[PDB]
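Peer 1: compute the structure for the input listed below.
(7 chains)
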Amino acid sequence: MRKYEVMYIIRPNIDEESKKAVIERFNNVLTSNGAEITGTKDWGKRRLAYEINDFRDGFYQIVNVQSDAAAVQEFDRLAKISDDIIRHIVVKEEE
Amino acid sequence: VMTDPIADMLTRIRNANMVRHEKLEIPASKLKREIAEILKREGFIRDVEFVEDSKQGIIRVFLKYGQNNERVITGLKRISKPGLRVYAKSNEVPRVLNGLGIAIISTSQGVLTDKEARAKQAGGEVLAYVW
Amino acid sequence: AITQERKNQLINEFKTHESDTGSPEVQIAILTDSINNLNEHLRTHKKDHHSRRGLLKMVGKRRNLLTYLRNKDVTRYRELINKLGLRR
Amino acid sequence: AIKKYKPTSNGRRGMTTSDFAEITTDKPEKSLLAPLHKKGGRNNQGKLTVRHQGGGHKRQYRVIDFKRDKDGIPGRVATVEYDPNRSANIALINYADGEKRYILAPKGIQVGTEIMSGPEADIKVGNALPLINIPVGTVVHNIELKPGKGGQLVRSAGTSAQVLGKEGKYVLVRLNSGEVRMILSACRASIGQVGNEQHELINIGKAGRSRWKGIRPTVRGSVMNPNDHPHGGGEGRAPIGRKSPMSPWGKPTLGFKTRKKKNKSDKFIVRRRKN
Amino acid sequence: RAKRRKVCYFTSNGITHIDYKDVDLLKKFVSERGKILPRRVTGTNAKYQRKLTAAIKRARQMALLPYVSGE
RNA sequence: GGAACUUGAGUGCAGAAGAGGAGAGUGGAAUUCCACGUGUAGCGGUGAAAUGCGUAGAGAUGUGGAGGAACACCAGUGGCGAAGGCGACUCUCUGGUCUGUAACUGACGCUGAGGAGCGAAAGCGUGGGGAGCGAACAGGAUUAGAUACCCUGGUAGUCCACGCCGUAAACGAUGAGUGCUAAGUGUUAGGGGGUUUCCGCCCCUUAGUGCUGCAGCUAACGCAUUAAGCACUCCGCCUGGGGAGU
RNA sequence: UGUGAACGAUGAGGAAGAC
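Peer 2: Numbers count the residues shown, from 1 in each chain, chains lettered A, B, ... in the order given. Next comes the structure:
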C-alpha cells in the first residue's frame, strides 16, 4: 500500500444535481477500490490557458488517499467511461 | 587486486624514492619486516618502526638520503613474480651491479644477502634485487 | 518487491545466530528470493535483456557463494540446498 | 500459436494449423445445435449460380444470438468451442437465467468472466452496449446496421472497428479497411475486436485440405474455350489481347466499379476507398 | 569570484516544495514567454531545477500553466 | 591440511539521486491531407532559371476534422547504463550505482580461451502502419558530357509487433582488476565538522566527470590520482608493403 | 581591471576538366 494524490476535472456547465451524481459515483468507485480517504480539497472553477475539448474553463477537484497498488488500474478506465469527466491524473505522493 | 604485498611494498619504496618524502607506511607481515631489516642492515634506509593497530599494520619506513643529494638507490627490481616461478642454486646466484649490489634471497635458514648466502652455501628463492 | 516483512520473516528462519544478519545462509536465501522474483519478472516480459543479464550476474553470485559453501561445510550445504530444493 | 509441420511428405512442406488453444471442450451443447444442408452453391432452380462450391466436410450450426436482445442480466463464460462455419471462434456463455447462447468471441476473454448485455454494462471486453454510451475511439465488434437485426458487421476473426466520434444522429464508425459510415446511435454494438487474428497466417499447404473447406479448384480463364470464356481461344496461353480484362460475364473486373451510382446507403458514405 | 546575482531565493525559504499543488509559485517560475527560467537567473542547483522541471511538466498536465504563449 | 583475524569482498541497517529496462495509458505544438468560410493572380523554388502547383479559385487567412511520426524550449564537457546506447508526462513491474555511522559472514577475490547473452544504422522474413523525410526512379536545370552536387516529385526504407542478420571511425583508435605517485581550478550526488534557529559562509572526506599543470614516460605530438607515470594479475592482439581481409 | 586557451553546440555569399 502507498499514498496517492489524484486530480480530475468535471464539466463547468454541468447541473449541480448531476455533479452530485458524478461525485457520489466517483466516491462509490473510490471506496469500491479500497482507497481509504486521507484528505481532500475543492479547487473548483478555474479559467484555462487552453481548451481541452472546447471548454474555456473547468472544475478542478482533487483527492488524497491511502491505497493500492492495484486500484488505480481499475479506477483509470472507469474514469474514462464518463463523458462528463474531462481529464484525470494519479500522481504518487512523495513530496 | 592486491596480488602480492611484497612487490607492492617495492613499488612503495621506489615511488617513495621518486617523491622524496621522508617516510611512508606499509601493511605488516613478518616476511616484509625481515627483508626490511635486511635493508636496515645494508643501510640504504635510515630506520624502520612498526606501529600496532588491529589487526595487521602499520610499519613506517624512513628513507635515508645522501649528504650530497643523489638517490641512495639507483635501481630496485623484483625478478620473482607470480605466474613465473624462479629458482637459484647456491653457486648460480649472480652478483648484481658487481660488488656494490646485494641480492635478497629467501632461504631455508631465512632471508639472506648474497654474501651471507655464499658463506652459508644455502640456495633459495630470489625475492628481489636492490642497487 | 520483496516487501520488508517478508524479508524479516525470511532472515530469522535461516539465521544460525540470534543476530546472524550476514552468513552465506541468509545471503543465499535473500538472493534466492531476488532470483525468484526477478525470474518471474523475466517470465512476464521476454524483452527484459537488462534484467536477464542482471539475473546472470546474480546467478554468478549464487554460484560463487554456494561454491565456497561447498568448499567449507558440505553438511550445512546439503542441508541448505535440501531446505531450498535448488542446485541440480 | 502456429504449429509448423516437418516436411515428412510434399504436403507437409508448407501446411500449418492454428494452436486451437482457445478451445476447451471437445463437443457442443446439444440444445443449440442446428442442421446445415450444403446447397453446393446451386440455385433453387438447380443451376449453379456460384462457381466452385460444395464438396466440403459436413457441418452443424450452433445457434448464436448476435442481437443480444436481453439486457440487465449478467452472464458467464463457461466454455469456448471451434466453429467450422467461420474463422471466428465461438465461446459459450451461461446467463444467470440459466439460458445458454453461443456468442462471438473477442480475444483475451477468460473463462468465468461476468458479462452484462445491458446499457449499464462496463466497457470490459465481451460486453455489448449501445453506441451512445460508447466512449470515442474504443474498438468495437459485431456492430448491427439496425437494432434487432443482428450484427452483420465485423463477424470474421481478427477484424476491428473504431469510433471517430458521435452526434445524436448518427454515431461515426471506422469500418475495416478504413471506410466510414454514420451508423444509428440507438443501434447496439459490442466492444473489443474479434480474436483468432492468427487465422490469416495459416497455410493450407496442399490441395487436399482445400477439399475439406471445401474450396473447389478454379480453371484459369485463358485455358478455357473461347465459347465459355472471353479470354479463351488462341494457340497456347493466349495473350489478353482483347480489350479490357473481363469476367466470363460481360462486366470487366480489374478496377471497374460494380457499385450502383444511386443507392440508399450513398448518403451514409462519409468516406470511401482509402486503399 | 564568485557569486551569482538573483541566486536561489528558494532554499532560503524552502524546501521540499511543491511538488505541484501550488499555483502561485509556479506562476513565479513561468516567464512571459511561458517557459521555465534558466538557472542563470533562477539560481537553482541542477537537481532542484530538474525536479522543478518534471514538477512544472506535472503542472502542465494539470493545465495550471500555459504550455505556450506570446513572447 | 588444521586452528584464527578484518582491512579485500559480500550481506544488512539508515539514506541519495539517475533520458536505466520492459509494459499500458495520456499530452500539446507543428508538418500534411480533407471539409467549409474569406478573398484573387500568382504561389513555389534557384547562383540565375525552369520543371511543379493554381481561375476546375490556388497560395494566403479563419474554423473544424483526420492520421502518423517526433518530444522543442527545460538541456547543463549534466545523469544513468556493461557496451550499444537511453531526452514529453503518468502509472505498473524491475535491474544497477553511490554515501554513512557499522551489525554479520571471514578471503567467500581477480581475470578469463571455449561457450552463452546483449549488441548503432542499414538489410532480410511475416502481419500492420505510413504525416513528413527519402535511396531507386521520373522530370527540370548545371556541364563538352552530369547515370551527380541544385530544384520539383517520389517507391522501398524510415514507424509498430513477432524473428533473423551480429556488421560500424562499435573511438578515448588507450582491455579488465588493484596498489602507489605534486597539485590546482569547476561541476554530479552524498557524509562530517567550525559560528549562525535558519539563511548562508568556511574547512574536511567519498565516488562520477571537465580543464590546466609537478614528477615521471615518449620517435615526436602529448599523456599526466579519469597515465599513455611507477608496479602487479590475467585475457585479446601485432612481426615489411602490394597481392589480401581476396 | 579585466589576455590569450580551451571545450560542448552554428548559419551562409554563387556555375566550370586535366598535363
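
Peer 1: near chain A, which residues of chain E?
Peer 2: Applying C-beta under 8 Å from any C-beta of the partner chain, we find that chain E lies next to chain A at E:16, E:18-21, E:58, E:61-63, E:65-67, E:69. All C-beta atoms are positioned from the backbone trio N, CA, C, and that covers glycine.

Peer 1: mind checking which of those are buried?
Peer 2: E:18, E:19, E:20, E:21, E:58, E:62, E:63, E:65 (16 or more other C-beta atoms under 10 Å in any protein chain shown).

Peer 1: hang on, the second one packs against residue E:58?
Peer 2: In other words, residue E:19. Yes: using C-beta atoms under 8 Å, residue E:19 is in contact with residue E:58, at 7.1 Å.

Peer 1: mutual contacts of those two, please.
Peer 2: residue A:91 (C-beta atoms under 8 Å, 6 or more residues apart in numbering or on different chains).

Peer 1: dump the residues of chain E next to chain A into CSV; add secondary structure as well.
Peer 2: Shown next, in CSV, are the residues of chain E next to chain A (DSSP: H, G, I helix; E, B strand; the rest coil):
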residue, secondary structure
E:16, coil
E:18, coil
E:19, coil
E:20, coil
E:21, coil
E:58, helix
E:61, helix
E:62, coil
E:63, coil
E:65, coil
E:66, coil
E:67, coil
E:69, coil
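
Peer 1: related to what we said a few turns ago, which one of the buried ones among the residues of chain E next to chain A sits closest to RNA strand F?
Peer 2: residue E:58 (5.3 Å; C-beta to the nearest atom of the strand).

Peer 1: residue of chain C nearest RNA strand F, please.
Peer 2: Taking C-beta to the nearest atom of the strand, chain C has residue C:22 as its residue nearest RNA strand F, at 2.1 Å.

Peer 1: in chain B, which spans are helices?
Peer 2: Applying DSSP state H to chain B gives helices spanning B:5-19, B:30-42, B:114-120.

Peer 1: figure out which of those is closest to residue B:70.
Peer 2: Ranking the helices of chain B by their distance to residue B:70 (criterion: C-beta to C-beta) puts helix B:5-19 first, at 10.9 Å.

Peer 1: sort out which residues of the closest one are buried, please.
Peer 2: Within helix B:5-19, the residues scored as buried using 16+ other C-beta under 10 Å are B:5, B:6, B:7, B:9, B:10, B:12, B:13, B:14, B:16, B:17.

Peer 1: which residues in chain A form helices?
Peer 2: Going by DSSP H, chain A shows helices at A:16-32, A:71-78.

Peer 1: for chain D, find the nearest of those.
Peer 2: helix A:71-78 (6.3 Å; C-beta to the nearest C-beta).

Peer 1: wait, does that closest one contact chain E?
Peer 2: No: using C-beta under 8 Å from any C-beta, helix A:71-78 stays clear of chain E, with a minimum separation of 14.3 Å.

Peer 1: next one: that helix to chain centre, how far?
Peer 2: Between the centre of helix A:71-78 and the centre of its chain there are 11 Å (C-alpha atoms, centre = their mean, to the nearest Å).

Peer 1: quick one: work out the angle between that helix and helix A:16-32.
Peer 2: Interaxial angle of helix A:71-78 relative to helix A:16-32 (axes from the mean of the first three to the mean of the last three C-alpha atoms, to 10 degrees): 150 degrees.

Peer 1: residue numbers of chain C in contact with RNA strand F?
Peer 2: C:1-2, C:4, C:7, C:17, C:19-24, C:26-27, C:30-31, C:34, C:37-38, C:41, C:44-54, C:57-58, C:60-61, C:64-65, C:67-68, C:71-72 (C-beta under 7 Å from any atom of the strand).

Peer 1: buried members of those into PyMOL, please.
Peer 2: Applying 16+ other C-beta under 10 Å to the residues of chain C next to RNA strand F, the buried members can be selected in PyMOL as follows:
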select buried, chain C and resi 23+24+26+27+31+34+38+52+58
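
Peer 1: filter the residues of chain C next to RNA strand F down to just the ones in strands.
Peer 2: When the residues of chain C next to RNA strand F are checked against strands (DSSP state E), there are no matches.

Peer 1: among the residues of chain C next to RNA strand F, which are in helices?
Peer 2: In this view, these that belong to helices under DSSP H are C:4, C:7, C:23-24, C:26-27, C:30-31, C:34, C:37-38, C:41, C:44, C:49-54, C:57-58, C:60-61, C:64-65, C:67-68, C:71-72.
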